[PDB]
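In what follows, a single structure is set out as structure tokens and then discussed.
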Amino acid sequence: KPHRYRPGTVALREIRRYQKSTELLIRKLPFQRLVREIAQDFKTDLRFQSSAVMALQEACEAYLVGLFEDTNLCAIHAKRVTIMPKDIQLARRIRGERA
Amino acid sequence: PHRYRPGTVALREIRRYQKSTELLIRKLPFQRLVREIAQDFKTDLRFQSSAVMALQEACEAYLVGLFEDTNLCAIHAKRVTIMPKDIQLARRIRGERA
Amino acid sequence: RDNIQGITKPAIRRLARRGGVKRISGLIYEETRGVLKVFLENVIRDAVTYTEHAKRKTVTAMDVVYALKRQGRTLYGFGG
Amino acid sequence: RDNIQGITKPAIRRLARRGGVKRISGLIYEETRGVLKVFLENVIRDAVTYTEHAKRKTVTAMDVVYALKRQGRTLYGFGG
Amino acid sequence: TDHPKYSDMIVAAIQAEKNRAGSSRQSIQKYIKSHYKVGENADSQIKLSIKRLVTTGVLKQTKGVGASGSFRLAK
DNA sequence: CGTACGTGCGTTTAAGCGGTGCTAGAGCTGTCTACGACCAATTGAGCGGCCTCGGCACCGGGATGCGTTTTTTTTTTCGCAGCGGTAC
DNA sequence: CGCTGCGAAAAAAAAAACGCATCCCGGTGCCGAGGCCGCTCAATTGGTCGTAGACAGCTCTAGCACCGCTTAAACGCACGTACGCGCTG
Ligand SMILES: [K+]
Ligand SMILES: [K+]
């Protein structure tokens, strides 16, 4: 046979990898393009200090990761291992981000 | 011999108390508890009657809200009873403990 | 030296009832009393500190308010 | 264009990983892109207000910091 | 200390428990260890032994699939 | 399938109430002191340019341990035919 | 016959082989820390003014005890039912 790891093993290696590192996990430009998009909804022909974009990317990722953390606990709370919309939803409801 | 089934008087009591606004903790026990806890931080302290009730308002508000968050955590785990672990989840997510 | 136990099973139930809970583990009431303790402790600490800084031997409703506000647990109708 | 889809399935995975998630439902990627959108939306607004009040056409690292701090979400390392 | 065949192991527990739904896999698992002898696999051998009765027609199956659900005797 | 809540009826309690009695302590007034705002002038602490060299990321090249399969073995666990002693 | 022994046969389980990913070793090479150069503006000095806050008391509130009557809760226990919990497919 050709060698193969078992569903959840590579995931765990990938957890160890990304909990060890600090580097931003979203692709810089795609994120930038997203930022300038969501900026057009408030004023046109805006500009952004290179540093203001990063300050957002660091602010976004940091945020999501901590949500996933609170999410992953609401999955585990329902005797699961798989995060699903209703888990995020519970996080945010309890966090008081939605109603 | 009028008896109702485990959970039907609950559903009533819910509707009664969700509708009213009176404080649900007996007030003396409460008042004492405060002084007990004030001792810890300074001896021979005195309390404005209104300061106490302000704390009773805050507390009964705190708990009731927890219970609303607890209760969802319960339902989230396909249950209908709230258990310490429910609260524990709520507070952890709220940011009240690690 | 144990008033915590004054916060009666049937009272904690009344709060849970207003909070929309239908069914309650026994293990709950203690955990609850527990949480209430931390919450009162937390607030009164900051309260009395307001009291002490104002060289008063009487804690005032405003002490309790400035505190609830500090804790982000802001309260209306006691002198906000 | 539609740049929200530039937040690749792998990217949202890498983020769930650093958050300590083993297994991910398919439905998550669009919920996530969902929430990210609302985050960047609420934050950029308050930033641009700070940009606008300052009568500038360029959003400064501080604008975003002032914004994040406002929204509950303080950030170290971009100033202030 | 004898643990006979799966074609005559704990027939005594099944037949010494007259039920209308018949005997389940839990109730029967809770008898082999209350009087007779058995290993640790015991339960996974009981299952392969109620599956060889389900397909052939030795012991009927009231409700459920596989091992799951109650299983009564031939007659 | 097991069990731990929920209802409810029956005892135990102590909260609540309304009023009374004593006194700390809140919270104000006037007086006067010490402390801090304001200004001016004189400084050097602290900041924006330069110019290294060394700590850090990197890279390729073995080395240690970690997970996968899959080969060989150890231990247990039935089932079939091949015993040694009964019985007669 | 029963016993038994063996011979699988069945998993267990182990071991071991394989191959893959994570660490670490030691010499590159690059860039940003870290350390000098002047120099400029913000901290210090010292000293004038005027008023915030310390104090010394004067008041009258409102907060702490005590005290039985009257209940509505609490305590509590027993019985039973609905729910939480675990295994399998
Ligand atoms: K007073
Ligand atoms: K003074």
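Residues in the structure tokens are named by chain (A, B, ... in the order shown) and by number from 1 within that chain; ligands are numbered from 1 in the order shown.
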
Using only C-alpha atoms (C1' of nucleotides) and all ligand atoms, which residues have at least one atom no more than 9 Å from ligand 2? Output them as a compact mmCIF listing (two decimals) with N, CA, C and O atoms (P, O5', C5', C4', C3', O3' and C1' of nucleotides), in the first residue's frame.
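Saved the output as part.txt:
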# COMPACT_ATOMS: atom_id res chain seq x y z
P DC F 32 -8.63 81.43 60.94
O5' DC F 32 -8.17 79.97 60.48
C5' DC F 32 -7.26 79.14 61.25
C4' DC F 32 -6.15 78.64 60.36
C3' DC F 32 -5.21 79.74 59.85
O3' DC F 32 -3.97 79.25 59.34
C1' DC F 32 -6.30 78.82 58.02
P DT F 33 -2.79 78.83 60.30
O5' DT F 33 -2.56 77.30 59.95
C5' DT F 33 -3.37 76.60 58.97
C4' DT F 33 -2.54 75.56 58.25
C3' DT F 33 -1.12 76.01 57.91
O3' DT F 33 -0.20 74.94 58.12
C1' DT F 33 -2.48 75.82 55.91
P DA F 34 1.22 74.93 57.40
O5' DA F 34 1.03 73.83 56.27
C5' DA F 34 0.03 72.78 56.36
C4' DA F 34 -0.25 72.23 54.99
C3' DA F 34 1.01 71.97 54.16
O3' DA F 34 0.76 70.88 53.28
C1' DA F 34 -0.23 73.68 53.13
P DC F 35 1.94 70.24 52.42
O5' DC F 35 1.19 69.74 51.11
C5' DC F 35 -0.24 69.88 50.94
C4' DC F 35 -0.56 70.56 49.63
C3' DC F 35 0.44 70.31 48.49
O3' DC F 35 -0.21 70.20 47.22
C1' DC F 35 0.15 72.57 48.73
P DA G 52 -10.44 76.10 44.93
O5' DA G 52 -9.18 75.14 45.10
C5' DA G 52 -9.13 73.87 44.45
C4' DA G 52 -8.45 72.87 45.36
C3' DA G 52 -9.39 71.83 45.96
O3' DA G 52 -8.69 70.59 45.98
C1' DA G 52 -8.45 73.15 47.70
P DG G 53 -9.33 69.35 46.68
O5' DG G 53 -8.83 69.50 48.18
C5' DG G 53 -7.47 69.17 48.51
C4' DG G 53 -7.29 69.11 50.01
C3' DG G 53 -8.30 68.23 50.75
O3' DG G 53 -7.75 67.99 52.03
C1' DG G 53 -8.57 70.38 51.47
P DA G 54 -7.48 66.53 52.55
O5' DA G 54 -6.86 66.81 53.99
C5' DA G 54 -5.76 67.74 54.14
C4' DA G 54 -5.69 68.29 55.54
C3' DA G 54 -6.31 67.40 56.62
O3' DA G 54 -5.52 67.53 57.81
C1' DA G 54 -7.51 69.44 56.52

Quiz prompt | Expected answer as a VMD selection string: chain G residues within 10 Å of chain C, only C-alpha atoms (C1' of nucleotides) | solution = chain G and resid 63 73 to 74 83

Quiz item: Residues of chain A within 12 Å of chain B, using only C-alpha atoms, as a VMD selection string?
Solution: chain A and resid 66 to 80 84 to 97 99

Quiz prompt | Spatial neighbours of range 52-56 of chain E, max dist 12 Å, only C-alpha atoms (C1' of nucleotides), sep filter under 4 positions, as a PyMOL selection string | solution = chain E and resi 6-8+45-48+60-74

Practice problem: Give the residues close to ligand 1, within 7 Å, counting only C-alpha atoms (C1' of nucleotides) and all ligand atoms; write them as a list in words. | Solution: residues 25 and 26 of chain F; 61 and 62 of chain G

Exercise. For chain B, work out the contacting residues on chain F at 9 Å, counting only C-alpha atoms (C1' of nucleotides), and write them as a ChimeraX atom specification.
Key: /F:5-8,15

Please provide the set of residues having any atom within 9 Å of range 71-74 of chain C, restricted to only C-alpha atoms (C1' of nucleotides), with same-chain residues fewer than 2 positions apart removed, written as an mmCIF file with N, CA, C and O atoms, in the first residue's frame.
data_model
loop_
_atom_site.group_PDB
_atom_site.id
_atom_site.type_symbol
_atom_site.label_atom_id
_atom_site.label_comp_id
_atom_site.auth_asym_id
_atom_site.auth_seq_id
_atom_site.Cartn_x
_atom_site.Cartn_y
_atom_site.Cartn_z
ATOM 1 N N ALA B 58 -28.614 43.689 41.484
ATOM 2 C CA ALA B 58 -27.459 43.287 40.653
ATOM 3 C C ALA B 58 -27.351 41.760 40.654
ATOM 4 O O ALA B 58 -27.322 41.194 39.539
ATOM 5 N N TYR B 62 -27.812 39.083 37.834
ATOM 6 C CA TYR B 62 -26.612 38.303 37.432
ATOM 7 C C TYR B 62 -27.050 36.868 37.192
ATOM 8 O O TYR B 62 -26.897 36.390 36.040
ATOM 9 N N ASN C 42 -16.580 39.968 44.970
ATOM 10 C CA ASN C 42 -15.971 40.789 43.890
ATOM 11 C C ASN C 42 -16.410 42.253 44.003
ATOM 12 O O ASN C 42 -15.549 43.159 43.986
ATOM 13 N N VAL C 43 -17.726 42.450 44.078
ATOM 14 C CA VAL C 43 -18.423 43.765 43.974
ATOM 15 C C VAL C 43 -18.158 44.546 45.260
ATOM 16 O O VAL C 43 -17.675 45.698 45.172
ATOM 17 N N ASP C 46 -14.681 46.068 45.811
ATOM 18 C CA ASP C 46 -14.570 47.328 45.026
ATOM 19 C C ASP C 46 -15.477 48.394 45.656
ATOM 20 O O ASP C 46 -15.096 49.591 45.660
ATOM 21 N N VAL C 65 -22.789 51.275 43.351
ATOM 22 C CA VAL C 65 -23.043 51.604 41.908
ATOM 23 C C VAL C 65 -21.695 51.751 41.196
ATOM 24 O O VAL C 65 -21.459 51.041 40.200
ATOM 25 N N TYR C 66 -20.845 52.651 41.681
ATOM 26 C CA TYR C 66 -19.511 52.914 41.089
ATOM 27 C C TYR C 66 -18.817 51.570 40.874
ATOM 28 O O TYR C 66 -18.064 51.422 39.882
ATOM 29 N N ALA C 67 -19.076 50.627 41.784
ATOM 30 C CA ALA C 67 -18.499 49.272 41.744
ATOM 31 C C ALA C 67 -19.166 48.509 40.595
ATOM 32 O O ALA C 67 -18.478 48.198 39.597
ATOM 33 N N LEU C 68 -20.472 48.268 40.689
ATOM 34 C CA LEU C 68 -21.208 47.520 39.639
ATOM 35 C C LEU C 68 -20.755 48.057 38.278
ATOM 36 O O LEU C 68 -20.457 47.249 37.387
ATOM 37 N N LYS C 69 -20.629 49.372 38.146
ATOM 38 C CA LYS C 69 -20.185 49.979 36.876
ATOM 39 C C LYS C 69 -18.779 49.480 36.558
ATOM 40 O O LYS C 69 -18.614 48.987 35.452
ATOM 41 N N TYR C 76 -29.179 50.758 36.956
ATOM 42 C CA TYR C 76 -30.066 51.952 36.914
ATOM 43 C C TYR C 76 -31.037 51.949 38.094
ATOM 44 O O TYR C 76 -31.674 50.897 38.367
ATOM 45 N N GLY C 80 -27.536 56.505 39.533
ATOM 46 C CA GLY C 80 -26.595 56.349 38.403
ATOM 47 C C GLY C 80 -25.944 57.668 38.019
ATOM 48 O O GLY C 80 -24.741 57.728 37.706
#

Quiz item: After a least-squares superposition of chain C on chain D over all Cα atoms matched in order, what is the RMSD to one decimal?
Solution: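 Fitting chain C to chain D over paired C-alpha atoms yields 0.4 Å.
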
Quiz prompt | Spatial neighbours of range 28-38 of chain G, max dist 12 Å, only C-alpha atoms (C1' of nucleotides), sep filter under 2 positions, as a ChimeraX atom specification | solution = /F:47-60 /G:26,40

Now that the selection is made, can you save its residues with N, CA, C and O atoms (P, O5', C5', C4', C3', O3' and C1' of nucleotides) as a short mmCIF file (atom, residue, chain, number, x, y, z; two decimals), in the first residue's frame?
data_model
loop_
_atom_site.label_atom_id
_atom_site.label_comp_id
_atom_site.auth_asym_id
_atom_site.auth_seq_id
_atom_site.Cartn_x
_atom_site.Cartn_y
_atom_site.Cartn_z
P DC F 47 12.26 60.04 23.86
"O5'" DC F 47 12.40 60.53 22.35
"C5'" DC F 47 11.91 61.82 21.95
"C4'" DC F 47 12.58 62.25 20.67
"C3'" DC F 47 12.71 61.12 19.64
"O3'" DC F 47 12.41 61.55 18.31
"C1'" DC F 47 14.82 62.06 20.08
P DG F 48 11.86 60.50 17.24
"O5'" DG F 48 12.47 61.02 15.86
"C5'" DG F 48 12.55 62.42 15.59
"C4'" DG F 48 13.82 62.70 14.84
"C3'" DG F 48 14.04 61.78 13.65
"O3'" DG F 48 14.54 62.59 12.59
"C1'" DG F 48 15.89 61.63 15.07
P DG F 49 15.01 61.92 11.26
"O5'" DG F 49 16.41 61.31 11.67
"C5'" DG F 49 17.13 60.57 10.70
"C4'" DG F 49 18.44 61.27 10.43
"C3'" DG F 49 19.39 60.44 9.59
"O3'" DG F 49 20.09 61.27 8.68
"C1'" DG F 49 20.16 60.60 11.88
P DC F 50 20.96 60.60 7.57
"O5'" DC F 50 22.24 60.18 8.40
"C5'" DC F 50 22.76 58.87 8.23
"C4'" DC F 50 24.05 58.77 9.00
"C3'" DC F 50 24.81 57.49 8.68
"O3'" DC F 50 26.15 57.78 8.28
"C1'" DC F 50 24.25 57.58 11.03
P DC F 51 26.91 56.72 7.42
"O5'" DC F 51 27.37 55.66 8.52
"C5'" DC F 51 28.16 56.10 9.64
"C4'" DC F 51 28.63 54.92 10.46
"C3'" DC F 51 28.97 53.68 9.63
"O3'" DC F 51 29.97 52.94 10.30
"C1'" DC F 51 27.22 53.16 11.07
P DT F 52 30.63 51.73 9.56
"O5'" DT F 52 29.68 50.51 9.92
"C5'" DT F 52 30.16 49.16 9.85
"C4'" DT F 52 30.38 48.62 11.25
"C3'" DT F 52 30.23 47.10 11.37
"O3'" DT F 52 31.49 46.56 11.77
"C1'" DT F 52 28.59 48.26 12.76
P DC F 53 31.91 46.59 13.30
"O5'" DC F 53 31.08 45.37 13.88
"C5'" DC F 53 30.80 45.22 15.28
"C4'" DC F 53 29.98 43.96 15.42
"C3'" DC F 53 30.60 42.75 14.71
"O3'" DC F 53 30.28 41.45 15.22
"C1'" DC F 53 28.52 43.21 13.76
P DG F 54 29.85 41.27 16.71
"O5'" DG F 54 28.27 41.11 16.62
"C5'" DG F 54 27.46 41.35 17.80
"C4'" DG F 54 26.24 40.46 17.79
"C3'" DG F 54 26.52 38.98 17.99
"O3'" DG F 54 25.32 38.28 18.26
"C1'" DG F 54 25.93 39.34 15.77
P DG F 55 25.08 37.68 19.68
"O5'" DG F 55 23.50 37.54 19.74
"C5'" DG F 55 22.68 38.71 19.62
"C4'" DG F 55 21.50 38.42 18.74
"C3'" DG F 55 20.83 37.06 18.99
"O3'" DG F 55 19.42 37.32 19.07
"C1'" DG F 55 21.66 37.16 16.74
P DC F 56 18.37 36.16 19.39
"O5'" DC F 56 17.84 35.79 17.94
"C5'" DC F 56 17.41 36.85 17.08
"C4'" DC F 56 17.20 36.36 15.67
"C3'" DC F 56 16.57 34.97 15.54
"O3'" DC F 56 15.41 35.05 14.71
"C1'" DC F 56 18.47 35.20 14.12
P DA F 57 14.38 33.83 14.66
"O5'" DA F 57 14.29 33.52 13.09
"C5'" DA F 57 14.08 34.60 12.16
"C4'" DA F 57 14.37 34.17 10.74
"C3'" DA F 57 13.80 32.81 10.33
"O3'" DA F 57 13.31 32.89 8.98
"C1'" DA F 57 16.16 32.78 10.10
P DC F 58 12.77 31.58 8.25
"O5'" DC F 58 14.09 31.01 7.58
"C5'" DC F 58 14.77 31.78 6.57
"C4'" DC F 58 15.96 31.01 6.07
"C3'" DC F 58 15.64 29.56 5.69
"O3'" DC F 58 15.56 29.47 4.26
"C1'" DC F 58 17.69 29.77 6.97
P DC F 59 15.05 28.12 3.53
"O5'" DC F 59 16.40 27.31 3.32
"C5'" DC F 59 17.65 27.97 2.99
"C4'" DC F 59 18.76 26.94 3.00
"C3'" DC F 59 18.25 25.54 2.66
"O3'" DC F 59 18.99 24.89 1.61
"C1'" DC F 59 19.29 25.55 4.83
P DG F 60 18.24 23.83 0.65
"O5'" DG F 60 19.12 22.51 0.81
"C5'" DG F 60 20.55 22.54 0.64
"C4'" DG F 60 21.22 21.74 1.73
"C3'" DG F 60 20.93 20.24 1.69
"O3'" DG F 60 22.19 19.54 1.69
"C1'" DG F 60 20.58 21.08 3.87
P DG G 26 27.69 20.80 15.55
"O5'" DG G 26 28.35 21.08 14.12
"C5'" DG G 26 27.57 21.33 12.92
"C4'" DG G 26 28.20 22.39 12.04
"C3'" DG G 26 29.09 23.39 12.78
"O3'" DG G 26 29.86 24.33 12.01
"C1'" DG G 26 27.05 24.42 12.26
P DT G 40 18.65 72.36 16.76
"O5'" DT G 40 17.09 72.30 17.05
"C5'" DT G 40 16.39 71.06 16.93
"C4'" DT G 40 15.76 70.74 18.26
"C3'" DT G 40 15.11 71.95 18.94
"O3'" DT G 40 13.84 71.54 19.41
"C1'" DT G 40 16.36 70.74 20.46
#

Exercise. From the DSSP assignment of the backbone, select every residue of chain D that is helix (DSSP H, G or I), and format the answer as a ChimeraX atom specification.
Key: /D:4-6,9-18,28-53,61-71

Exercise. Please run DSSP on the backbone and report, as a list in words, all residues within chain A that come out as strand (DSSP E or B).
Key: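 Everything in chain A that counts as strand (DSSP E or B) is residues 47, 48, 82 and 83 of chain A.
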
For N, CA and C atoms, I'd like the residues from the last selection saved as a short mmCIF file (atom, residue, chain, number, x, y, z; two decimals), in the first residue's frame.
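Saved file out_39.cif follows:
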data_model
loop_
_atom_site.label_atom_id
_atom_site.label_comp_id
_atom_site.auth_asym_id
_atom_site.auth_seq_id
_atom_site.Cartn_x
_atom_site.Cartn_y
_atom_site.Cartn_z
N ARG A 47 -7.58 55.51 1.57
CA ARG A 47 -6.24 54.90 1.59
C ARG A 47 -6.06 54.25 2.97
N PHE A 48 -5.05 53.39 3.09
CA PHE A 48 -4.72 52.64 4.32
C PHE A 48 -3.21 52.57 4.53
N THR A 82 -16.55 17.62 16.38
CA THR A 82 -16.77 18.39 15.14
C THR A 82 -17.47 19.71 15.49
N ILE A 83 -16.87 20.84 15.11
CA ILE A 83 -17.46 22.19 15.30
C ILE A 83 -18.46 22.42 14.16
#

Could you name the residues that touch residue 57 in chain C at 12 Å or less, counting only C-alpha atoms (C1' of nucleotides), but leaving out those on the same chain fewer than 2 positions away, as a short mmCIF file (atom, residue, chain, number, x, y, z; two decimals) with N, CA, C and O atoms (P, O5', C5', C4', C3', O3' and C1' of nucleotides), in the first residue's frame?
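Done, and the output landed in selection21.cif:
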data_model
loop_
_atom_site.label_atom_id
_atom_site.label_comp_id
_atom_site.auth_asym_id
_atom_site.auth_seq_id
_atom_site.Cartn_x
_atom_site.Cartn_y
_atom_site.Cartn_z
N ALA B 38 -18.37 41.48 53.87
CA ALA B 38 -17.78 42.82 54.10
C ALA B 38 -16.71 42.73 55.20
O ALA B 38 -15.65 43.39 55.05
N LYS B 42 -13.29 44.75 55.63
CA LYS B 42 -13.12 45.70 56.77
C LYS B 42 -14.14 45.40 57.88
O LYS B 42 -15.30 45.07 57.57
N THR B 43 -13.68 45.50 59.13
CA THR B 43 -14.46 45.18 60.36
C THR B 43 -15.34 46.38 60.70
O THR B 43 -14.94 47.51 60.35
N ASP B 44 -16.50 46.12 61.32
CA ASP B 44 -17.40 47.13 61.95
C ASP B 44 -17.88 48.13 60.88
O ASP B 44 -17.81 49.35 61.15
N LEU B 45 -18.35 47.63 59.73
CA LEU B 45 -18.83 48.44 58.57
C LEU B 45 -20.36 48.55 58.61
O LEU B 45 -21.02 47.59 59.02
N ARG B 46 -20.91 49.68 58.19
CA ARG B 46 -22.38 49.91 58.18
C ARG B 46 -22.86 50.20 56.76
O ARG B 46 -22.12 50.80 55.96
N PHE B 47 -24.11 49.81 56.47
CA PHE B 47 -24.71 49.74 55.11
C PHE B 47 -26.00 50.57 55.08
O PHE B 47 -26.94 50.25 55.84
N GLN B 48 -26.05 51.58 54.20
CA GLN B 48 -27.32 52.18 53.68
C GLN B 48 -28.27 51.07 53.17
O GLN B 48 -27.90 50.35 52.20
N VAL C 48 -16.62 48.75 49.10
CA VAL C 48 -15.92 49.16 50.35
C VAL C 48 -14.68 50.01 50.02
O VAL C 48 -14.45 51.01 50.73
N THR C 49 -13.91 49.65 49.00
CA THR C 49 -12.73 50.44 48.55
C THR C 49 -13.19 51.89 48.29
O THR C 49 -12.50 52.85 48.75
N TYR C 50 -14.33 52.04 47.61
CA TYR C 50 -14.97 53.36 47.36
C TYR C 50 -15.30 53.99 48.71
O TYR C 50 -14.95 55.16 48.92
N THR C 51 -15.91 53.20 49.61
CA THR C 51 -16.25 53.60 51.00
C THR C 51 -14.99 54.05 51.74
O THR C 51 -15.01 55.17 52.30
N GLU C 52 -13.94 53.21 51.76
CA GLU C 52 -12.66 53.49 52.48
C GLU C 52 -12.07 54.78 51.91
O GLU C 52 -11.79 55.68 52.72
N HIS C 53 -11.91 54.92 50.59
CA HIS C 53 -11.29 56.12 49.97
C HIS C 53 -12.05 57.40 50.36
O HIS C 53 -11.46 58.48 50.28
N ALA C 54 -13.32 57.30 50.74
CA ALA C 54 -14.17 58.43 51.19
C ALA C 54 -14.22 58.47 52.72
O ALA C 54 -15.22 58.96 53.27
N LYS C 55 -13.21 57.93 53.40
CA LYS C 55 -13.12 57.87 54.88
C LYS C 55 -14.52 57.78 55.51
O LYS C 55 -14.80 58.57 56.43
N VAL C 59 -21.05 52.12 54.06
CA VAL C 59 -21.07 51.86 52.59
C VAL C 59 -22.37 52.44 52.05
O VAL C 59 -23.43 52.12 52.62
N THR C 60 -22.30 53.23 50.98
CA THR C 60 -23.46 53.93 50.38
C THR C 60 -23.85 53.28 49.05
O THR C 60 -22.98 52.71 48.35
N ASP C 63 -21.48 53.88 46.34
CA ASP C 63 -20.33 52.95 46.44
C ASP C 63 -20.70 51.72 45.61
O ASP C 63 -20.00 51.41 44.60
P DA F 24 -22.15 56.38 69.86
"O5'" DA F 24 -21.39 55.94 68.53
"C5'" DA F 24 -21.34 54.55 68.12
"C4'" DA F 24 -21.65 54.39 66.64
"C3'" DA F 24 -20.62 54.99 65.68
"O3'" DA F 24 -20.68 54.30 64.43
"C1'" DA F 24 -22.64 56.17 65.47
P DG F 25 -19.42 54.31 63.44
"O5'" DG F 25 -19.93 55.12 62.17
"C5'" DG F 25 -21.28 55.05 61.71
"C4'" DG F 25 -21.65 56.34 61.01
"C3'" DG F 25 -20.47 57.12 60.40
"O3'" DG F 25 -20.90 57.89 59.28
"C1'" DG F 25 -21.59 58.50 61.83
P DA F 26 -20.10 57.89 57.88
"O5'" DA F 26 -21.18 58.55 56.92
"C5'" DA F 26 -22.59 58.29 57.14
"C4'" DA F 26 -23.45 59.45 56.69
"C3'" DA F 26 -22.85 60.36 55.64
"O3'" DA F 26 -23.91 61.11 55.03
"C1'" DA F 26 -22.88 61.49 57.70
P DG G 63 -29.65 54.31 55.89
"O5'" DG G 63 -28.66 53.24 56.54
"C5'" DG G 63 -27.43 53.64 57.18
"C4'" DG G 63 -27.33 53.05 58.56
"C3'" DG G 63 -27.62 51.55 58.67
"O3'" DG G 63 -26.43 50.90 59.13
"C1'" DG G 63 -28.65 52.75 60.42
#

Exercise. Hey, list the chain C side of the contact with chain B: 8 Å cut-off, only C-alpha atoms, answer as a PyMOL selection string.
Key: chain C and resi 1+3-4+6-7+11-12+14-25+27-28+31+36+39-41+44-45+48+57-65+68+73+75+78

Quiz item: How far is it from CA of residue 56 in chain A to CA of residue 18 in chain A, in Å with one decimal?
Solution: 19.6 Å

I'd like a table as CSV: residues in chain G with an atom no more than 12 Å from chain E, each row giving the shortest atom pair and its distance in Å to one decimal, only C-alpha atoms (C1' of nucleotides) counted, sorted by chain and rising residue number.
residue,atom,partner,partner_atom,distance
G:10,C1',E:41,CA,10.8
G:11,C1',E:41,CA,9.2
G:12,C1',E:41,CA,10.8
G:86,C1',E:26,CA,10.5
G:87,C1',E:26,CA,8.4
G:88,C1',E:68,CA,5.6
G:89,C1',E:66,CA,6.6
